[PDB]
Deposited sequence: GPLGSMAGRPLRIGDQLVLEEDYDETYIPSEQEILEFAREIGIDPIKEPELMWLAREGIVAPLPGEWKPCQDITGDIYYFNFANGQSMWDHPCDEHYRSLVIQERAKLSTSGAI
């Protein structure tokens, strides 16, 4: 792979990108609009520590921790937002 870099506002996710991230963290957006703020927050979360976005030779995007060599498909914080969605759903019930 190779690290993804921009080189030498546009970074705001689209409503459609937020919808898709919401589904990925377990929200049913049509039924649970009250949870969508977690999707808006989580989609722009920074990569922790020394994690960097990378793309392999087949074009697939993944995350690589250059400090320790760990790799994963999802953003490392996505599991935290999955957990918060479950807690927020229970809190509001």
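According to the record, C-alpha coordinates are lacking for deposited residues 1-7, 16-24, 110-114.
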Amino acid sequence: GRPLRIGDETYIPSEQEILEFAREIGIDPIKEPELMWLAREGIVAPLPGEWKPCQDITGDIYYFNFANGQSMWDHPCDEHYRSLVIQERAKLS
From here on, numbers count along this sequence of modelled residues.
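Stretch comparison (23-31 versus 61-69) by mean CA B-factor in the PDB entry places 23-31 on top. The PDB entry reports B-factors from which the mean C-alpha value can be compared for 52-60 and 32-40; the larger average falls on 32-40.
Per the PDB record, residue ranking by Cα B-factor puts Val85 in the lowest third of the chain. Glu17: CA B factor in the lowest third of modelled residues in this chain (values from the PDB entry).
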